[PDB]
Structures are given as C-alpha cells and as structure tokens.
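A single chain comes next, written as structure tokens; it is the form deposited in one PDB entry.
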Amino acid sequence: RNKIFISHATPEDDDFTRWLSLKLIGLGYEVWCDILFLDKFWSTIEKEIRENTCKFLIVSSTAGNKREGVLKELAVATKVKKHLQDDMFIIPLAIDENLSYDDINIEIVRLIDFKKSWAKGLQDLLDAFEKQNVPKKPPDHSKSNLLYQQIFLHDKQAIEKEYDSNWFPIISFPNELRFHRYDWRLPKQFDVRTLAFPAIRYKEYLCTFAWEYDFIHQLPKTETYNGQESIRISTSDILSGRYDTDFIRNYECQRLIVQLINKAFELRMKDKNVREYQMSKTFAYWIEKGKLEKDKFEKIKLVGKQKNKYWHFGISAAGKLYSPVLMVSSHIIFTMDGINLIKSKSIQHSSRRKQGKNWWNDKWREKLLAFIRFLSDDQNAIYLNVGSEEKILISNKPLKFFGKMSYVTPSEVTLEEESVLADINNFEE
C-alpha cells in the first residue's frame, strides 16, 4: 500500500539497516523494519508485507545471504510481488564486497549495490524509488529523530534513581590555634620543617595547634621562650568566619589551618609505618612490600606485581575547610625489587599510566578506602598529631552525596571491552 519494508540480517547487518532505515524515514517514507519497535511477531510482520508494504528490500550480504528469517521474508514478498505484478517489488541491497557472484539467493541474483559506498547506493535506491510511484510524505526528519530517541536510545537514557567521595570530613578540631613568640629570633638556618611537630614560621610568630613544652628539648639552647606572648584564637569561629582582627584575617586563618593539616599528615605518616616517594609537588605515601598481610587489608589489595616491577598504592593528602574535609589523591608508585625505588621518573610515569588501566570505580574506591582505614587510629576516625594534647580528628569515611539520576548499570562485559580496547590504545600511546 504505502509502507517500505526492509528485510535484513538482524545481528550482523544492523549497522547498515539502521543507517538506511533512519535515512529513509528522514526523507518522509513510511518505513517498516524489524528494528523499529520495542517489545515485539510473524503475524504482524506478514500482515504488513501482504497489504501494507508497497516496496520490499533485502540486504544481500554474505552473513544475511542464507538466513531463515530473511529467506522467509523473501518468500512472502515474492508472493506479494506475484499478486501485485510488480517487476521490482523486491530490491536487493548488496552491501558486502566478499559476496561473490553466483553465490546470492537465486531469487535475487536475477534482479542496487552499496559495495562502493552507502551514499551511492542510497542515491540509486532513491532514484529507483522515484521512478516507481512510491508514496511518500514531505521530508520530516523530526519523526526520524523521534524514532531514533525512542527506539535506539531507549536503553541509553538516564534513570531518575537515587556517592563515596575522597573528601573525609573533620568532625572535631582543636579548640584553639596558638602562635608562639620567643625572646630571640630563631636562626634562619633553623628549619621549622625539621621540627618534630607541625609549625609554620608566620611573621616572627610560630603558628601551631600545640603548646610550648612540645619542642622544649629540640629548640636551640640560645632561644628563650616566654609564655606571655603566645596568642590563641578560638577555632570554631575561625570556621564560622566571625573572627576579625588586623593581626590575622580569616582568609589567612583557613589557609594556615590548611598547611597545619598538611604538615600534621606528613608527620603522622612517619608513625603510620608508611614509606615515602618524591614527586614534582609533594610527598607520596605508599605501603612497602613484605609489610602488609598478603598485600591486602580488609581483603582489598594495596600492593601488587607488574612485570618485574612492583606497584604500591600510595596516597597524598591535602586539607580544606569549604565543610572541613581532607582530600586524598591516589598514586601508584613502583619499586624494582619491592625495596628499591626506580631512580628515573620517566619509567615511573609510563608504568603508572600502564597500571592505572583495569582499575575502575569500585577498585579505585576500595583501594583508597582501604588505605584510609589502614591509616585510621580509631575505627571511625583518623588522629593527626598537632599538639602533645591536641589532636585533629578526621572521619575515615568519606563524604556521602545524595544523587538523583543515574544510569541503568550496563553489562560489565561492555566495561571489559572498554578495558581491553583502551588498554591496547594506551599501549599504542
């Protein structure tokens, strides 16, 4: 009547069938193809060919040459062609180059090719359609787009269904931030980084969370300390922003707390039984081979093997106070026999970019969380030493986020395709 029926090999020729079908509904044709519906059937298919279909096409490819479905479509279409005495009711669409002559279905060899290019084939098909009195509507690509979204993007949408960060909250802070002042200026060669406790040389003051007696036995004997000139600020209003003096401003308060937290973490990783690594910016902190139980912790691996190198899942940390949290960045640092670091950083980066593949959301999340739990003091907290009595408490469970949209979790074999193909591609890179 008016429809344009396409028959094809469903699994192997769905690319060309998709392309041709969508292009044909784009041009206003009333196209009928087996892939243009969801939750479909032979009673309906045969009904369209017998009465509704005005033109019928087959995809003459090697894969679809001998297919029960397409052959039975060809049979019913031959019946309709005999009924309608149309010399070109059924039209081959040869898209396969390997399909040699005298190998096509006998009902087809005696009768448009896409082997050279689908554009040339589509033009030939369009002029063949125009030569016959093929009914059509004005070109409406809007309905073609609607069909593309409704059929081919139905499983590729986003659910309205209701995330573990690397941002670990700081539930409690030491109540006061203290600046120490001494009668004599500390020597310039005296490095505050060598101080056993976090301390920032701010102006002539020393910025700490700590007390005076913590470093009483490491400061030079030529320095005399006075307890009167130390100034304390209430930390709760430091976060609340209510603090305002000319000596120190809130924007500097939070930044000072940031480097205090960073140094506290760096010093804590000396008593946390963790080895160190030199990178461009900061200290990487990894777990040595031979220390962790079978290189696992709560049944998450943290250390492993890569060719003759050994990878160790290390971390670095950085505080922030906008909500007070700490971010942990995950690095992978290699050693050559589990003990000796690789001298040259180029192999380190190349090996890291090789190793990062095969690791995805759950693996990265579990490895970072395992390292954090390994760094915890309490079950649900991490204690950073800032003072002999003052401690910084950072919850070892990262921040939780209430989402509202997500995807239908697809087959993991698709992600395995991603893993293998992208792994090969990055090897090429």
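So that there is no doubt, residue numbering starts at 1 and follows the sequence shown. The term rigid core refers to the maximal set of C-alpha atoms that superpose within 1.5 Å between the two forms.
Novice: So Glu162 and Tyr163 are neighbours in the shown sequence, but is anything from the deposited sequence left out between them? Give the count as none, 1 to 3, 4 to 9, or 10 or more.
Specialist: Unmodelled stretch: 1 to 3 residues, a short break.
Novice: Between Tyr213 and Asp214, what class does the number of missing deposited residues fall in: none, 1 to 3, 4 to 9, or 10 or more?
Specialist: Nothing is missing between them.
Just so you know, the form deposited in another entry exists too; it's not on screen, but the next bit is about it.
Novice: Is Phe313 one of the residues whose C-alpha moves 2 Å or more between this form and the one not shown after the core fit?
Specialist: After core superposition, the displacement of the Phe313 C-alpha between this form and the one not shown stays below 2 Å, so no.
Novice: Once everything's superposed on the core, is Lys367 shifted 2 Å or more at the Cα between this form and the one not shown?
Specialist: Not so; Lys367 is displaced by less than 2 Å.
Novice: For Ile342, is the CA shift between this form and the one not shown at least 2 Å following rigid-core superposition?
Specialist: No; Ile342 is a residue whose C-alpha shifts by less than 2 Å between this form and the one not shown when the cores are overlaid.
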